[PDB]
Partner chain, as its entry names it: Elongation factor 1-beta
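Next up: a single chain in structure tokens, the form solved without its partner chain.
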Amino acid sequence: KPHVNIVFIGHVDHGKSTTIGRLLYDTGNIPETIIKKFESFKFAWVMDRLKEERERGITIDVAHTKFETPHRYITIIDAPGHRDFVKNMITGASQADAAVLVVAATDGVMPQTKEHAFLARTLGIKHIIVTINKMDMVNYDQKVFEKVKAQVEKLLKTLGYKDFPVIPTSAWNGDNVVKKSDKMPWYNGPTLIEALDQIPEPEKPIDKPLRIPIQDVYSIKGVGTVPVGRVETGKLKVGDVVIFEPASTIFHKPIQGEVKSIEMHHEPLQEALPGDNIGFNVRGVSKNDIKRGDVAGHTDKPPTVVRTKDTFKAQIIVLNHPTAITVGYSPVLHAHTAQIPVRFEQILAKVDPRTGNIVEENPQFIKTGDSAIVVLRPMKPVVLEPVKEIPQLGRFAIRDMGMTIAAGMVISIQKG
């Protein structure tokens, strides 16, 4: 059975905790501490005890509750409402295959609903499952469901999703969470647990375009130039032509050649796979043409470069900078094997680290603990990819004065 990770999103009070609880309760996957507490067993009491565990400091990320369906192992890896929510998503400590977006039937789509959807697209979460919750509070009415569904469809289509399920539920009474409802004959689609069972396996790194961040470069007498690095995505074959960026951009000519040979642990290979630490001999490339922090790809889909005349947009969490960060801040960005100075050109939004809600557009400054959406200009060219496309090259750290200031993920690149 494939393993799959999910996150719950949606506006505060719309019923994320209650839906998780209902999933746990109806599958009998009650947390052990709660089973012990018990040693009457109604749903309401269990919700009280899940809430109490939360207040004792057990957060969903830490609890990482799991259940089984006929075709999946499912881990609930995170949800808004706890100190390190945004940090876990940005760093990649929590990686989700799917997001369950909970929208209350009583309120509809709210501004924070839309914000979490954007956070989901940004992270590269390809699979959305919408629940329209609290159906019991609107008399199980189809028209209400249909009116909220249309709001949801409009939002998620604008974002680029398509053919996600929209399931009317009552986390509180149980309808369509695990057990098919008998109150909504007008709905014929999956239950939430059925929709979870059908989350597709994640795209494999081998199927993404080739990226190999270069760690070091050798020039061996009578063999030639041998870069060393890790295959992050795609696959490398003897015979392949590879191009190096930002080498090619900096030199205004293609720094590229044919792979004469590959080696891992000083033993020959005919092909290298994701995770392999390799040396490779490239013909027609001079030792001086490439260096640590270059990245190799096929000429087909060369590694994306942000030039000094470009900018990129990132979401960050500020880890350690107690004084104000303002426009013009110029620390050092570390990503894969590169390090380059970067300038903060704009701070577009301040973001709530607990929830991923926007706190403020165009704030003047940010500090330790803030999350933010920022536009950065590299002072030397750098290979970066949007995390939603090639996550292995979409995360970075910001360093200044010996310490780690922030961690970030790349949202987009602005060609200048």
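Residue numbers count along the first chain shown, from 1. Definition used throughout: the rigid core is the maximal C-alpha set that superposes within 1.5 Å between two forms.
As for the form deposited with its partner chain bound, it is not shown, yet the points below apply to it.
Using a 4.5 angstroms heavy atom cutoff to its partner chain in the deposited complex, none of 49, 380 and 396 count as contacting. Heavy atoms of residue 181 never reach within 4.5 Å of its partner chain in the deposited complex, leaving it off the interface.
Although the partner is absent here, residue 95 is not a contact residue: none of its heavy atoms lies within 4.5 angstroms of its partner chain in the deposited complex. Residue contact check for residue 218: one or more of its heavy atoms lie within 4.5 Å of its partner chain in the deposited complex. Taking non-hydrogen atoms only, residue 108 never approaches its partner chain to within 4.5 angstroms in the deposited complex. Taking 193, 226, 272, 325 one by one, only a single residue has any non-hydrogen atom within 4.5 Å of its partner chain in the deposited complex, and it is 226. Checked against its partner chain in the deposited complex, the residues 249, 198, 173, 88 give one hit for a heavy atom within 4.5 Å, which is 88. The chain is drawn here without its partner chain; in the deposited complex, the stretch among 204-212, 70-78, 164-172, 241-249 whose residues come within 4.5 Å of it by any heavy atom is 70-78. Of the residues 285, 120, 317, 325, exactly one exceeds or equals a 2 Å C-alpha shift between the shown form and the other one once the rigid core is aligned, and that residue is 120. Core-superposed comparison between the shown form and the other one: the C-alpha position of residue 49 differs by no less than 2 Å. Taking 2 Å as the criterion, residue 136 counts as shifted between the shown form and the other one: its C-alpha moves by at least this amount when the rigid core is aligned. Taking the rigid core as fixed, one finds a CA shift for residue 17 of 2 Å or more between the shown form and the other one. Figure legend: C-alpha atoms of residue 371 and residue 78, shown here, are separated by at least 3 angstroms more in the deposited complex.
Compared with the form shown here, the Cα atoms of residue 300 and residue 201 move at least 3 Å farther apart in the deposited complex.
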